[PDB]
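Chains as they are written, first to last, in PDB author numbering: chain C, 56 to 134; chain E, 56 to 135; chain G, 35 to 125, 1013 to 1103; chain A, 645 to 928, 940 to 965; chain B, 68 to 125; chain F, 26 to 99; chain D, 23 to 93.
First the structure, in the form of structure tokens, and then the observations on it.
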Amino acid sequence: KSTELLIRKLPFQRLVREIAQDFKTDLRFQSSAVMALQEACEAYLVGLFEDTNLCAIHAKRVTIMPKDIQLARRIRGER
Amino acid sequence: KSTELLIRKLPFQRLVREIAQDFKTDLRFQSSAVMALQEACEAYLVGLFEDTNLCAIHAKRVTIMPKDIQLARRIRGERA
Amino acid sequence: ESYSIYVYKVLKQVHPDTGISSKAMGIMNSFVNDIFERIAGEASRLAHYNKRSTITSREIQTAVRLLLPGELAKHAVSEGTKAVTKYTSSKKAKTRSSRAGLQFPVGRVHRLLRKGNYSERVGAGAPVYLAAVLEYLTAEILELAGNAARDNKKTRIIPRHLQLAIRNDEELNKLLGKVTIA
Amino acid sequence: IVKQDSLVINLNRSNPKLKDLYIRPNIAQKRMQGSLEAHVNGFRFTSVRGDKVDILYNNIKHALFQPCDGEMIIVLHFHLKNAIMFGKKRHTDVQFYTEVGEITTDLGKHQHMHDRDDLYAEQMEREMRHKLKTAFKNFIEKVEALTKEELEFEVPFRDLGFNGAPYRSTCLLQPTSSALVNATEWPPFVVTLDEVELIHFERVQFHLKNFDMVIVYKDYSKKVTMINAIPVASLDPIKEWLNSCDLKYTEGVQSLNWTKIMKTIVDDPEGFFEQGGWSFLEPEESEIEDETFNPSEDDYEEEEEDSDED
Amino acid sequence: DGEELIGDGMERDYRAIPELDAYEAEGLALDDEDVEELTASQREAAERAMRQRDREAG
Amino acid sequence: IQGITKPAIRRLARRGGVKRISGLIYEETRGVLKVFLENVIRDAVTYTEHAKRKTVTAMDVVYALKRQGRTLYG
Amino acid sequence: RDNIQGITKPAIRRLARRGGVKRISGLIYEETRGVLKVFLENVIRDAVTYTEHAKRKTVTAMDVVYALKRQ
């Protein structure tokens, strides 16, 4: 709908199939499956970037740095 | 033990009953229920304080402010 | 529900000469109820997703794979498949618990599975699989908590020994997610 | 505050030099940039504005090399035995760094092109990074040759690194052969491992995702050093590294008044070791309260049996 | 600026005050096996009602 | 009021790693706890209502906490 | 196979632009890539687990949506 697909579909689909190879299990992916993955990944990244920008503001900095990403993920409870 | 006593038990239970007067007018609490409540409140506050000190460190400030508390809660997903 | 006597049996099997305190026993019981609720909840959602009306050993196995981390998942799946095949190969044992070679009560597990209204019907192999998974996790925890008690020169497992066993194991800490206990 | 021997500059061919270096700390409120030259007995830093700062080989307590891998700059750091003054006030740490590049790319209509040429520019950045690391490595080898093993550079072990907040900023601290170091952020953190009496870990308990690390020096007048808010996942690795440098460590749930503890020790150093020395950091009611499990309320019958069968 | 937490007088907060260190029994009630364990169906219905309550607010 | 003592607030922040406290924190902390405790009690009393009990048990508290964070007691 | 390098720097730049970021440090790209590879891995690990429960070799869209509910 309103969401625009920023990430190019082909390289993302390459990445999804690489992740299948690392797991060492051979399965096929529907096109609808790959697009739902792409929408979720982009949304998660945007949401993480929002929290990251919040951290950068708190530091009185206009530029975001890996410090900001790590702090936001740490509070979120990720690994 | 002196280290383990973070929240005084009696003022906490007065506060639990004061909240209890807003959902069911006549209520009774079990001793184990309140003790679990105090344990949970202490752990949540400590977890929030840790995130807060992480936010204060990010701001180059030794002292923590309500700025830091609100940011940690916002990222944790508590209050928008 | 109370699983304490079965945890005591498991404790005597991995560490024959190690006891446990009342608070530490209550911790083990709450862990078993917590994971039972999580695995049972995951098996019911899988049963409604595939439009089945029955939970079999397959639904319990996929639930355990989803909830436990890698090695714990591999070890729990192995124990579950072994208990099902023992129960599926031989009819000779008088009790359903000894039929699968388990200390945990398969009958209590099957009764609680049906009580929770997770599905229309509960298969025969699901409670055996769930009991085996619960037994292995209790064994791994009690083995590590017993190892901590031996290192402290303590003859019984107290709460802090349980905490050390959990958070020092990556997968055990991830599985409990630092649940709070005092 | 401490007199320094005059720099021995010889005019000859042997003059290892390195360009494009920013000095920390600066001399004015503006970032002074210049060049570093390796002479007979020390270093001479020549600024564009003519400013010259000298550092003797014998005055260097820790020469440190931070490669540009994983960072935005590449740094040569020097922690000195005695403080020196080149600007107002005295500075105990002097470093020289070169930025990798792309420090702050900003978003907007200027980067709206989003061309695919960034792959080639990435190679140009990779060549620049390999150029910067190779030039720093060659300059270090020339200088280590000149001193005749008088001074050895140290490279941090990023495998042993951890995140902590000593200076109210969560940075990365990396052990070296001789010290625990973080030289990517000014002010720098340098602690000599030899000068450490012991380590005490505070706020170590279940359900906590962070802890404080306390560094106590063999010199008891020196205030302890705090490293706050380290992830609990880094505790066991740090402990092991301490065991490799023979540094004793203890644990504690409660944070301790170290300024008071040091004062009590220094005002009566004798009575402190008569109570046992540092025996208070390591343990040796709760046993009496708790009750060991016994069979109670009999047990479930477990004899219900029955099965679906066919 | 602020207020230090690690200094002399830190120990003053950690005093054992027995009149406040224990739960009082004013509203506290003890069943002696009078209360009952919560039944599974009631728990399911309670979770459904709480979900409905959450939906109408946020 | 809340009566959650300022020394109790200090002890909590001390265990969390906080080194320095702003004076505004005490009331801010009280307000934050007032939210958290209210939400748990709201869930717990609902579990209590569905059972024909006028007394909230420890199991009711644990059931409410499962919605946010699990506790291994009772 | 390095396809986590195949998520372009412009694509990371666009995602931050939608996220409200005005200015970005150079080291962000690699951190973003590693975070993404972690997140995609968790979902795919979960998603394939659903697919073979239904005894299928083809991951459907419904497998992806149920895995996202876990995270």
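Virtual Cβ for every residue (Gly too), placed ideally from N, Cα, C.
> Considering only the beta carbon of each residue, do A/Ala-707 and A/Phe-850 sit closer than 7 angstroms?
Replying inline: The sequence position of residue 707 of chain A within the fourth sequence is 63, counting from 1. The sequence position of residue 850 of chain A within the fourth sequence is 206, counting from 1. No. Outside cutoff.
> So is E/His-113 buried or exposed if we call it buried at 16+ other beta carbons inside 10 Å?
Replying inline: On the second sequence, position 58 is the one that residue 113 of chain E refers to. Classification for E/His-113: buried.
> Between the segment 23-34 of chain D and the segment 69-78 of chain C, do three or more beta carbon pairs fall short of 8 angstroms?
Replying inline: yes
> For the 8 angstroms Cβ check, are there 3 or more pairs between the segment 48-59 of chain G and the segment 1072-1080 of chain G?
Replying inline: yes
>> Need the endpoints of the beta strand (DSSP E) that A/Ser-691 sits in, please.
In response: Indexing the fourth sequence from 1 puts residue 691 of chain A at position 47. Element bounds for A/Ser-691: 686-691.
> Residues bridged to F/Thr-73 by DSSP?
Replying inline: By 1-based counting over the sixth sequence, the position of residue 73 of chain F is 48. None, per the DSSP bridge assignment.
>> Taking only three categories from DSSP, how would you classify G/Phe-65?
In response: On the third sequence, position 31 is the one that residue 65 of chain G refers to. Note: G/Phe-65 maps to helix in three-state DSSP.
> D/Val-43 touches chain A at which residues, Cβ-Cβ below 9 angstroms?
Replying inline: One-based indexing of the seventh sequence puts residue 43 of chain D at position 21. Correct list: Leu-751.
> Where in the segment 752-838 of chain A do unbroken runs of the alpha helix (DSSP H), each at least 4 residues long, occur, reported from the N-terminal end onward?
Replying inline: 762-790
> Does any CB atom of chain G fall closer than 7 angstroms to the CB of D/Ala-69?
Replying inline: As a working note, residue 69 of chain D is residue 47 in the seventh sequence. So, not an interface residue.
>> Buried or exposed, going by whether 16 or more other CB atoms sit within 10 Å of the CB of A/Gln-673?
In response: In the fourth sequence, residue 673 of chain A corresponds to position 29, counting from 1. Label assigned to A/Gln-673: exposed.
> What does G/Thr-1101 touch in chain E if you count any residue whose Cβ is under 8 angstroms from its own?
Replying inline: One-based indexing of the third sequence puts residue 1101 of chain G at position 180. Neighbours of G/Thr-1101 on chain E, chain order: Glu-94, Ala-95 and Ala-98.
> Would you say F/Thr-80 faces chain B, with C-beta separation under 7 angstroms as the test?
Replying inline: Mapped onto the sixth sequence, residue 80 of chain F falls at position 55. Yes, because at least one Cβ of chain B sits closer than 7 angstroms to the Cβ of F/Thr-80.
> If you draw a straight line from the C-alpha of A/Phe-689 to the C-alpha of A/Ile-699, how long is it?
Replying inline: Mapped onto the fourth sequence, residue 689 of chain A falls at position 45. Mapped onto the fourth sequence, residue 699 of chain A falls at position 55. Cα to Cα, the separation comes out at about 9 angstroms.
> G/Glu-93: buried (16+ other C-beta within 10 angstroms of its C-beta) or exposed?
Replying inline: Taking the third sequence and counting its residues from 1, the one referred to as residue 93 of chain G is at position 59. Label assigned to G/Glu-93: buried.
> For A/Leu-776, is the classification buried or exposed, using 16 other Cβ atoms within 10 angstroms of its Cβ as the cut-off for buried?
Replying inline: Residue 776 of chain A sits at position 132 when you count from the first residue of the fourth sequence. Buried, by the Cβ-count rule.
>> Please list the terminal residues of the continuous beta strand (DSSP E) segment that includes C/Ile-124.
In response: Residue 124 of chain C sits at position 69 when you count from the first residue of the first sequence. Run containing C/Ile-124: none in the beta strand (DSSP E); it sits in the alpha helix (DSSP H), 121-131.
>> With a threshold of 7 angstroms between beta carbons, is G/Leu-1034 in contact with chain D?
In response: The sequence position of residue 1034 of chain G within the third sequence is 113, counting from 1. Chain D contact via Cβ: absent.
> In three-state terms, what does DSSP make of F/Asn-64?
Replying inline: Locating residue 64 of chain F in the sixth sequence gives position 39, where the first residue counts as 1. Three-state DSSP puts F/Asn-64 in a helix.
>> Helix, strand or coil, according to DSSP, for A/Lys-674 in the structure here?
In response: Numbered from its first residue, the fourth sequence carries residue 674 of chain A at position 30. A/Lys-674: coil per DSSP, three-state reduction.
> Thinking C-beta only, is G/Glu-1041 closer than 7 angstroms to G/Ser-87?
Replying inline: Within the third sequence, numbered from 1, the residue matching residue 87 of chain G stands at position 53. Within the third sequence, numbered from 1, the residue matching residue 1041 of chain G stands at position 120. Closer than 7 angstroms, so yes.
> According to the neighbour-count rule (16 or more other Cβ atoms, all chains shown, within 10 Å of its Cβ), is D/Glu-53 buried or exposed?
Replying inline: In the seventh sequence, residue 53 of chain D corresponds to position 31, counting from 1. Buried.
> Is any beta-carbon of chain A found at less than 7 angstroms from that of C/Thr-118?
Replying inline: Here residue 118 of chain C corresponds to residue number 63 of the first sequence, with the count starting at 1. Yes - at least one Cβ of chain A is within 7 angstroms of the one on C/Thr-118.
> From the DSSP output, which residues share a beta bridge with A/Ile-859?
Replying inline: Against the fourth sequence, residue 859 of chain A aligns to sequence position 215. A/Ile-843 and A/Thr-869, per the DSSP bridge assignment.
> In chain A, what lies closer than 9 angstroms to F/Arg-40 by C-beta?
Replying inline: Indexing the sixth sequence from 1 puts residue 40 of chain F at position 15. Chain A residues near F/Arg-40: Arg-847, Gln-849, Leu-852, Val-897, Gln-898 and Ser-899.
> Can you list the residues of chain F that A/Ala-873 reaches, using a CB-CB cut of under 8 angstroms?
Replying inline: In the fourth sequence, counting from the first residue as 1, residue 873 of chain A sits at position 229. Under the 8 angstroms cutoff, chain F gives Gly-42.
>> Assuming A/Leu-804 and A/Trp-922 are in contact, meaning their beta carbons sit under 8 angstroms apart, how far apart are those beta carbons, in whole angstroms?
In response: Here the question's residue 804 of chain A lines up with position 160 in the fourth sequence. Here the question's residue 922 of chain A lines up with position 278 in the fourth sequence. A/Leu-804 to A/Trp-922, Cβ: 25 angstroms. No contact.
> B/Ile-73 touches chain F at which residues, Cβ-Cβ below 7 angstroms?
Replying inline: Here residue 73 of chain B corresponds to residue number 6 of the fifth sequence, with the count starting at 1. Within 7 angstroms Cβ-Cβ: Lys-44.
> For A/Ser-878, which residues in chain E fall below 8 angstroms Cβ to Cβ?
Replying inline: As a working note, residue 878 of chain A is residue 234 in the fourth sequence. The contacting residues do not exist; A/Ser-878 stays about 14 angstroms from chain E at best.
> Less than 7 angstroms separating the beta-carbons of G/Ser-38 and G/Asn-63?
Replying inline: In the third sequence, residue 38 of chain G corresponds to position 4, counting from 1. In the third sequence, residue 63 of chain G corresponds to position 29, counting from 1. Contact flag set, yes.
> Using a beta-carbon distance below 7 angstroms, is C/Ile-130 in contact with chain E?
Replying inline: Counted from its first residue, the first sequence places residue 130 of chain C at position 75. So yes, C/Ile-130 belongs to the interface.
> Given a threshold of 16 other Cβ atoms within 10 Å of its Cβ, counted over all protein chains shown, does A/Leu-655 qualify as buried or as exposed?
Replying inline: Taking the first residue of the fourth sequence as 1, we reach residue 655 of chain A at position 11. Exposed, because fewer than 16 other Cβ atoms sit within 10 Å of the Cβ of A/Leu-655.
> In this structure, does DSSP put G/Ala-58 in helix, strand or coil?
Replying inline: Residue numbering aside, residue 58 of chain G sits at position 24 when the third sequence is read from its first letter. Correct three-state label for G/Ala-58: helix.
> What distance in whole Å lies between the Cβ atoms of D/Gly-56 and C/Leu-70, which are believed to be in contact at a cut-off of 8 angstroms?
Replying inline: For this step, residue 70 of chain C is matched to residue 15 along the first sequence. For this step, residue 56 of chain D is matched to residue 34 along the seventh sequence. Not really, about 12 angstroms apart at Cβ, beyond 8 angstroms.
>> If I follow the unbroken beta strand (DSSP E) through A/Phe-740, where does it start and stop?
In response: As a working mapping, residue 740 of chain A is identified with position 96 in the fourth sequence. Residues 735-743.
> Could one say the Cβ of B/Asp-88 lies closer than 7 angstroms to chain F's Cβ atoms, at least one of them?
Replying inline: As a working mapping, residue 88 of chain B is identified with position 21 in the fifth sequence. Closer than 7 angstroms: no.
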